[PDB]
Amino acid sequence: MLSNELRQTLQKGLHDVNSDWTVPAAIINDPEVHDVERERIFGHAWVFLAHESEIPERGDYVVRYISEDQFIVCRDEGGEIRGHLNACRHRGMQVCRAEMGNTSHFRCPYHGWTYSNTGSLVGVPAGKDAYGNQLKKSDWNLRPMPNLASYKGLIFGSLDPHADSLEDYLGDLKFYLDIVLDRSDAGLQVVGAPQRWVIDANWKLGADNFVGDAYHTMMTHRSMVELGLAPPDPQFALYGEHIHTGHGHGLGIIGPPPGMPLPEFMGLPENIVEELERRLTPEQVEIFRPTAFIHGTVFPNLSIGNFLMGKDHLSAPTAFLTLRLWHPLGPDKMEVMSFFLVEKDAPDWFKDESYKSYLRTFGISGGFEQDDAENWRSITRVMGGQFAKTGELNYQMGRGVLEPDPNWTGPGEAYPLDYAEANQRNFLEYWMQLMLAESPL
């Protein structure tokens, strides 16, 4: 149950988010918030696990998470995608202690119960001598992820057997995910593995940032503005669109100003442009055509960056795509999992260039993200104070001014600029609704 203090705070916040346009500060770094959130958000929402291109062959697996629960995500010997809790049904040992690999079977080191990558318990040592053949193996298969599904290569799981389908949960966001995920015939590939590392910050600060925040560029990334890597125009995000959807999802799309021609479709290779013109609807094509930046968050904790950027201060920019998890470790700690993706049929020159543009800007050593990380840890630290927590966060950007764009051709609630905090407010409104749900939804 919620403490009365937490309940009241959430109730007040649910009113404040659309009137004052503020949110209680107590949500950022608080042990009760984190414990309630674990069940109410991470025990119900759909959470990104893996991209299908990470496990392309039969027997391929990666080990991924919903909070502290560990799951084997694999392609089984029949070609089916599975998600198995990594806990032997006998005494709970990990049946896989690697981060990824390929195997036809998972053998528990403790007593040797042997599972197919299908999940089926197929082998029990001393089945006769110890169990008298009484043990019904099909009752002790690896425990499945209660809900597992894919959208365009992205594997999600939910801990709730009664969750809405993934497609309903994504809803109108699907239109925009297509623009990033479905451009090419052969599809996207994760190159190598994600960068994983620990930031002493709450996971929400990363989600909040990618869901709607272009504003921070001018100050947080001022060093990059000076080096010529970030947009120099302080008005850059006025040439864009701020979009949100049901279930907390939101994104922004920014293009160049009228007096700046940039190659269409983020300068993607010719063969990819051919394919996207035929794979996406005309409405999706025209939204994508003048894009320079796409940032968004799929509630709760998967963010997307599709950005056009130089690999150093002397280079012309190239497009790169990254997906990242803000994996919750504690009220004041997360593990970032940052993935670099590129179209499988992109020429090798473009894959290398895109990789470098991603690498020097984002990720653990990127010149942008390293400052983002410093901001989030700083917030988290001061937001652990009892007095600091009685305050509010200001999401008032646009208050008294924002009007929906009547001319936007895509679904969702859209505003004709990308200096706004409507997406962040929508993200935290869904968060608060889930926190207050005594029964799901």
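One rule holds for the numbers: they count along the sequence shown, beginning at 1.
> On average, which has the higher Cα B-factor in the deposited entry, 269-277 or 295-303?
Looking at the recorded C-alpha B-factors, 269-277 comes out higher on average.
> Using only C-alpha atoms and the B-factors in the entry, which stretch averages higher, 340-348 or 110-118?
Between 110-118 and 340-348, it is 340-348 that shows the higher mean C-alpha B-factor.
> Per the coordinate record, which of the options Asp371, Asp208, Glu286, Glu241 holds the highest CA temperature factor?
Answer for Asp371, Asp208, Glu286, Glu241: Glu286, with the highest C-alpha B-factor.
> Checking the record values for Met309, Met219, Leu359, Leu329, which has the greatest CA B factor?
The record points to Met309.
> How does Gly363 rank on Cα B-factor within its chain, lowest, middle or highest third?
Lowest third.
> If you rank the chain by CA B-factor, which third does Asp129 end up in: lowest, middle or highest?
It belongs to the highest third of the chain when residues are ordered by C-alpha B-factor.
> Using the B-factors in the PDB entry, rank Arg91's C-alpha atom against the chain and give the third, lowest, middle or highest.
It falls in the bottom third of the chain.
> In terms of the CA temperature factor given in the entry, to which third of its chain does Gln424 belong: lowest, middle or highest?
Lowest third, going by the recorded CA B-factors of the chain.
> In terms of the CA temperature factor given in the entry, to which third of its chain does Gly101 belong: lowest, middle or highest?
Within its chain, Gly101 is a middle-third residue by C-alpha B-factor, going by the deposited values.
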